[PDB]
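# these chains are from a complex, not moved at all, and more is on the way:
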Amino acid sequence: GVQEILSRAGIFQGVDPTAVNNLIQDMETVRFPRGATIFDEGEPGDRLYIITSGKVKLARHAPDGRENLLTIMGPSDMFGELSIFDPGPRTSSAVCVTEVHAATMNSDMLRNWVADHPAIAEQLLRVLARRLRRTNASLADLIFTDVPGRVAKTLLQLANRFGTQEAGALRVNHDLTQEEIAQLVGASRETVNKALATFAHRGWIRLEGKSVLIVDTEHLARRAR
């Protein structure tokens, strides 16, 4: 239910359960339709969001119109915190990939919570560190891996985040377009298409809409690195 999903967000881990239930209760429930923009990169804001259902992509923009997708968040994930702790523009656009349900609060509310519960501040440090940890790997990936290996990685990352076991395989209803997968990878639409085709062609994965079955993890794993 909504309170169990919210209770799993990093920001509440090990924190007093009671304080958690009460804090959840002062959060606002919102719902966005698919494709809605929650905020744009460069906007100022200090609202924070914790998703309870659906997927939100976080997009950054190059002067020439193009975009890379930093990541795709889903239920229990948090975004919006960064502008609070380092005041400044949104470091990306948050856009609903599906219909999205989230809990949200302003930064006054968050600050008061932290003042009542220092453990929150500690969990927030773990959250930003873990994000530096992941993003550093993405950067390494751009420096050291070829496009096909990067595509492979991206897919295994989607599988770990959103994958279901389905008749021996990983069902990954990622809901992304072809171009968006590419933006997630940080490479051209053609190369990324090429690699994807290759991987289907070998039987490693199976395309089927904005969804992928991943049937030999290890082969795809071998190909990344």
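Now that the structure is in, tell me what you want to look at. Numbers count the residues shown, from 1 in each chain, chains lettered A, B, ... in the order given.
# after whichever helix in chain A runs longest comes which helix or strand?
For chain A, the longest helix by residue count, based on DSSP state H, is helix A:118-144. Using DSSP states H and E, the helix or strand that follows helix A:118-144 in sequence is helix A:147-162.
# Following element in sequence after that following helix, please.
strand A:164-166.
# Show me how far that next one is from its chain's centre.
Offset of strand A:164-166 from its chain centre (Cα atoms, centre = their mean, to the nearest Å): 20 Å.
# Give me the buried stretch members for the helix or strand just after it, please.
As assigned by DSSP H and E, the chain's next helix or strand after strand A:164-166 is strand A:169-172. Of the residues in strand A:169-172, A:169, A:170, A:171, A:172 count as buried by neighbour count, 16 or more other Cβ atoms under 10 Å. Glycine gets a C-beta too; all of them are placed from N, C-alpha and C.
# can you check stretch A:183-197 too?
Neighbour count says stretch A:183-197 has A:183, A:184, A:185, A:186, A:187, A:191, A:192, A:193, A:195, A:196 buried, by 16+ other Cβ under 10 Å.
# ditto for stretch A:82-100
Buried-residue list, stretch A:82-100, by 16+ other Cβ under 10 Å: A:82, A:83, A:84, A:90, A:92, A:93, A:94, A:95, A:96, A:97, A:98, A:100.
# need these in CSV with distance to residue A:59 and secondary structure, can you?
Formatted as CSV, the buried residues of stretch A:82-100 follow (distance: Cβ to Cβ, whole Å; DSSP: H, G, I helix; E, B strand; the rest coil):
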residue, distance to residue A:59, secondary structure
A:82, 15, helix
A:83, 16, helix
A:84, 20, helix
A:90, 11, coil
A:92, 6, coil
A:93, 5, strand
A:94, 8, strand
A:95, 6, strand
A:96, 12, strand
A:97, 11, coil
A:98, 15, coil
A:100, 15, strand
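# include chain B as well:
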Amino acid sequence: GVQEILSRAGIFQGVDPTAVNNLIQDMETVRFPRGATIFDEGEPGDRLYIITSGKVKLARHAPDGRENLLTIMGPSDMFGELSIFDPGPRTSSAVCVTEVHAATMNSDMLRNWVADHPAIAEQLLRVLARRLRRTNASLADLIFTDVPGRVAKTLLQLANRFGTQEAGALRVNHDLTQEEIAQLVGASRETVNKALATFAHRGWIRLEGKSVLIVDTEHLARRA
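Chain B, in position alongside the others:
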């Protein structure tokens, strides 16, 4: 003369000088010779560092052995926090470019600090948040900036960090080998040498061993 250099670290910014002064004194010092590894990528860490003197490069490693440098840290810079707040292995090596002196603390001392002083907590959050903002930009530069644009950016970052006025021009004693420079930029030595020679052929920059003089910053800044 360690106290003042340390008080210039991000973790203490705006924090009370006497609370800063008191906290500095629980920090434990270490010294390393030139070329030493303080710690390796994948090592489990428990220790935080703030450099008081000299330079540290933070490197990542591909299985086939090649290296990339995330950044170069000097006096006042803080590293090793990531493993403390997200327990897990080191996200890079730390290697001594020059002889390095540093103040350190382990994770139990830092948790105390974070739990006892909201302002230090706040500062740390600000430090990680700003590192995210910066890394995002690096990652975008890889995808969208041309190689010589990156060199230009890497030079000015070095100048922004270690630049000292000289002859109306910026003197930048970075202490790096061309390979290291290339590895900071994160591109083939061929491309990074060729872009360095160009800016020279002009007169934006002059090479000298492991030191650069940036004469006209304006145009270098422009080239980013």
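# back to the buried residues of stretch A:82-100, now that we've got chain B?
For stretch A:82-100, a neighbour-count test (16 or more other Cβ atoms under 10 Å in any protein chain shown) marks A:82-86, A:90-98, A:100 as buried.
# Any idea how far apart the tips of that stretch sit?
This stretch, stretch A:82-100, spans 21 Å end to end (Cα to Cα, to the nearest Å).
# How far does that stretch sit from its chain's centre?
Taking mean C-alpha positions (Cα atoms, centre = their mean), stretch A:82-100 and its chain are 11 Å apart.
# is chain B contacted by it?
Yes: contact of stretch A:82-100 with chain B (Cβ under 8 Å from any Cβ of the partner chain) involves A:82, A:85, A:86, A:88, A:91, A:92.
# These: which two are farthest apart?
Maximum pairwise distance in those, criterion Cβ to Cβ, is 15.6 Å, between A:85 and A:92.
# Let me know the closest of the residues of stretch A:82-100 next to chain B to residue A:16.
residue A:85 (22.5 Å).
# How about that closest one: what's its closest non-neighbour residue?
residue B:125 (3.9 Å; Cβ to Cβ, 6 or more residues apart in numbering or on different chains).
# Return the residues in contact with that neighbour.
By Cβ atoms under 8 Å, 6 or more residues apart in numbering or on different chains, residue B:125 lies in contact with A:85, A:86, A:121, A:124, A:125, A:128.
# how about these, which pair is most distant?
A:86 and A:121 (14.7 Å).
# Can you give the domain ranges for chain A?
Domain segmentation of chain A under curated CATH domains yields A:1-145, A:146-225.
# ends of the shortest one, how far apart?
Using Cα to Cα, one end of domain A:146-225 lies 9 Å from the other.
# With the first one instead?
With Cα to Cα as the measure, the ends of domain A:1-145 fall 40 Å from one another.
# now do stretch A:23-42
29 Å.
# go on, stretch A:70-82?
For stretch A:70-82, the separation between the terminal residues is 14 Å (Cα to Cα).
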